[PDB]
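Please read the structure below before turning to the comments.
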Amino acid sequence: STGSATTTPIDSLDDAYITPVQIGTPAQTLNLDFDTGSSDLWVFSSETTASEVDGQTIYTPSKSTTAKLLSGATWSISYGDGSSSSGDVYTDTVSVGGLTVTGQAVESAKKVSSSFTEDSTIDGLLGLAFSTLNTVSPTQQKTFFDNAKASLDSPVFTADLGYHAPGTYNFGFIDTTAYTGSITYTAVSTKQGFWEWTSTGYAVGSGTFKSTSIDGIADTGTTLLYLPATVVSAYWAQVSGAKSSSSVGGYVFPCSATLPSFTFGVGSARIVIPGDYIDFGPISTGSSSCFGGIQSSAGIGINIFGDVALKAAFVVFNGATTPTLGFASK
Ligand SMILES: NCc1ccc(C(F)(F)F)cc1
């Protein structure tokens, strides 16, 4: 079997992407953030403390004939940006774009941090990293992809994120009409539970390509591109008037500047990020200082190929017994 679902940016800056997911019987449709950097499927629910819900659609397990409380199970997650949530666990039927999985662990949020409360367009997250990162205790649970793996035509899913435009998540097949050229596959390390790979270098604008190994993770759940301080400094040095701001917490640049493209290497292939993709607009309403889409990973501890990078490519997440990542131009 296969599945295919449209994913939509939540705002005009592509800060995140939401994808409708059907949960329960009868279906309760929620718009979830598909996150290849985490492994928990959690949702706002009727059990979430009311003051922490502001416009989100909630999952009501009592209205689902297939929902079952997973007795004694709890979950607690904290993300790299400081956000966190926790609650209990149900099992229910979950369908993504026609692809259905029974007995999927649906983690009901009882408490959520303020960054989720203020994001009224995101009803939850669907984790697509490896299941070793799942936070359910005492019995760890499998991701939606893991549970669907046996039923898929091919054990893959693909991410085709749009720039200021809708995109597609596909499960179980590779759409050969959605990219150009050939797909370049590269090795994945699962040692930390992430879709971790090694980029072969970078280039700034029309500069010479610098061959150097950048270890990082492909993370659809992170907005920006986080790279070592040496690379990021070399990029912003080409933008007139750009500087790192401590009060803003990153590199900013004059909104009147034109940004150079950024190229990253996948084996012998090259993925080019247009400079327009790196503009994230004024730091405040009316400001003439703009926030940059490429930032340093020094404080994070890990390099993150977030949406800024991934939306420039067609990305294959190959979940075979030896997992690989595929990148193609589009
Ligand atoms: N990468 C996990 C993640 C995804 C989304 C959010 C936000 F922005 F919606 F709060 C935080 C953390």
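Worth knowing before you read on, the calculation uses all heavy atoms, side chains too, and leaves out hydrogens, waters and symmetry mates. Positions are given from 1, in the same order as the sequence printed here. Each ligand, and each atom within it, is numbered from 1 in the order the structure gives.
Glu52 and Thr117 share no donor-acceptor pair across their side chains, judged by distance under 3.5 Å alone. The closest side-chain donor-acceptor pair between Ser297 and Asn303 falls under 3.5 angstrom.
Closest protein heavy atom to atom 1 (N) of ligand 1: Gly221 O, 2.9 Å. For atom 6 (C) of ligand 1, the closest non-hydrogen atom on the protein side is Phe116 CE2, 3.8 Å. For atom 5 (C) of ligand 1, the closest heavy atom belonging to the protein is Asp33 OD2, 3.6 Å. From the protein, the heavy atom lying nearest to atom 8 (F) of ligand 1 is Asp119 OD2, 3.7 Å. From the protein, the heavy atom lying nearest to atom 2 (C) of ligand 1 is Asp35 OD2, 3.4 Å.
Counting heavy atoms under 4.0 Å from ligand 1, residue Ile122 touches it through the side chain alone. Under 4.0 Å from ligand 1, the heavy atoms of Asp81 that appear belong solely to its side chain.
Aromatic ring pairs are classed by plane angle as parallel below 30°, tilted from 30° to 60° and perpendicular above 60°; the pair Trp195 and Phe317 is perpendicular.
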Checklist entry - Are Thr135 and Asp40 close enough, and set up right, to give a side chain to side chain donor-acceptor pair (under 3.5 Å), and what steps lead you there? => result CA-CA 7 Å; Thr135 78; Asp40 286 49; 2.5 Å; yes
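Distances shorter than 4.0 angstrom do not occur between any heavy atom of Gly37 and any atom of ligand 1.
Annotation: cation-pi geometry not satisfied between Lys68 and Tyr90 (NZ/CZ under 6.0 angstrom from ring centroid, within 45° of ring axis).
Aromatic ring centroids of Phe157 and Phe145 lie under 6.0 Å apart.
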